[PDB]
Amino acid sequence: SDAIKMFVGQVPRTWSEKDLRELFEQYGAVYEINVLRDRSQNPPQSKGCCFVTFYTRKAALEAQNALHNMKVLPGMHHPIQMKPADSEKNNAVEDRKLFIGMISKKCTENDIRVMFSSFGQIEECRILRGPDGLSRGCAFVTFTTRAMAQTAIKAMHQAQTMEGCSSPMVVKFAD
């Protein structure tokens, strides 16, 4: 597939980029290798992990299948751990998720889904409830794209007041 950066743990601290390139190139072409370093004192030191960026997702997956939880590098007591790097995380859920406040306590998950369905696909909708299943009068709504969440906010924030509520509905990005 397209390029992807993988985080790799249980790499011996003595290994450099050269050693890592050699290992990974067995499975697919490597764009870049970067050993994570600690510069807190002299000299800089490997943190025992690296990033490897493969040109294709296919290569990354083949390396993962071959290595993750399978290959134990020299001196290690656990096998390589490999997964996509944090920097590759794209649609953080946290940035696509709305807090909906001041909704009626009678409001159902389905009620909220319907109210907000016109703005995009809703991947999740949860009413916050207390111990006795009573609504806390608020919800979380996750859209598939933040774009759809912004659209809902502009259209729905304080647009109406629901049954039993002291103020208009609150629609905003979740904390």
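One-based numbering along the sequence shown.
S.K.: Please compare 123 to 131 with 30 to 38 and name the stretch with the higher mean C-alpha B-factor in the deposited structure.
M.R.: Higher of the two, by average CA B-factor, is 123 to 131.
S.K.: For the C-alpha atoms alone, is the average B factor greater in 84 to 92 or in 99 to 107, going by the entry?
M.R.: Comparing averages over the C-alpha atoms only gives 84 to 92.
S.K.: Using the temperature factors in the entry, find which of 60, 50, 115, 138 has the highest value at its Cα atom.
M.R.: If I rank 60, 50, 115, 138 by C-alpha B-factor, first place goes to 115.
S.K.: Split the chain's modelled residues into thirds by Cα B-factor; is residue 56 in the lowest, middle or highest one?
M.R.: Middle third - that is where residue 56 ends up once the chain's C-alpha B-factors are sorted.
S.K.: By the record's CA B-factor, is residue 145 among the lowest, middle or highest third of residues in the chain?
M.R.: Highest third - that is where residue 145 ends up once the chain's C-alpha B-factors are sorted.
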